[PDB]
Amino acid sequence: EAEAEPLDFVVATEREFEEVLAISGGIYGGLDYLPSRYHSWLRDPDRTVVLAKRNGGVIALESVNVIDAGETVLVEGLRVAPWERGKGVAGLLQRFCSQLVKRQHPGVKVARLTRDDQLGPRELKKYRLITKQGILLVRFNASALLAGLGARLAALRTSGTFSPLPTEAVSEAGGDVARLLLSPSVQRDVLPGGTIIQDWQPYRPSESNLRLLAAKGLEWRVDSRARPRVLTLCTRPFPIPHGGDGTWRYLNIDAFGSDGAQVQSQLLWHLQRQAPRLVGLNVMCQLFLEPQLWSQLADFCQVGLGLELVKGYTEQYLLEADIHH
């Protein structure tokens, strides 16, 4: 029962946007970023979005983007249509893209990717684990959160439960981001495996990548610019298909450091910064933090901030594998 027409690998364009959506049903439980990101991906100068087509119909997608000053290729968004899964399509698409990178980007030495699924033996054999972070996913209505937070945080103050610790501002334009991330000691003691993870995307801490990060509208927060120990990072919210009513946004916060109290205070700062912009909308807030801090922050979010836990503990894995020219 051979397929009548063969597989054709071609670079994605804006015309296939609706075809790509048709194969993306239920991806990441409705937290899929590609609906909101597909068009920007096409404008990225170091990125190649590859579609697998059978008889002219899109059935799979993979993106490869060269970062880390040309030494790394990040693999994102790998997906196959539900009705084409289990036939090795994702494997064939992976091989086409690996050859493309080796051909166009001879300087790439490693491939990198992030994932939340359990790392089976296969993974451990083909990939090195650079680092891993815990994942805390909560949901809330922005308006309801704002209307009740003052009372919530006042109770904590008087209750003696919690009082927000001081935090310090971080300005990219002012040069604070560079002075933090280019610090060898911050890279060693703060960053997970010496790596910046921003909305599932890993970057080596380098000026070249800092330029990429600066163009995304990220917001930073730190415990002390002089004595940095906890550094948090918020990605600008964007729409996700969850809910089907178009009201849901994905708020990604990456937390680097081992002081749980500072991760709490800095998470609260980001929430008070971002929720006003989300009035009238619903938010899926995913916090990535050191695994040992998870229970502390899940409680804080649940009991302290009246937030709803969407799912139990899971982990984000940063994987790396060499490129075999």
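In case it trips you up, residue 1 is the first one in the sequence shown, and so on.
- In this entry, 117 to 125 shows the higher mean Cα temperature factor of the pair 117 to 125 and 234 to 242.
- When the C-alpha B-factors of 81 to 89 and 212 to 220 are averaged, 81 to 89 comes out higher.
- Residue set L74, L153, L251, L191: peak C-alpha B-factor at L153 (per PDB entry).
- In the deposited entry, the Cα temperature factor of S36 sits in the middle third of values across the chain's modelled residues.
- In this PDB entry, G160 carries a Cα temperature factor that places it within the highest third of its chain's modelled residues.
- When all modelled residues of the chain are sorted by CA temperature factor, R112 is found within the lowest third.
- Per-chain ranking of the deposited C-alpha B factor places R103 in the highest third.
- Among the modelled residues of its chain, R227 has a C-alpha B-factor that falls in the highest third, as given in the PDB entry.
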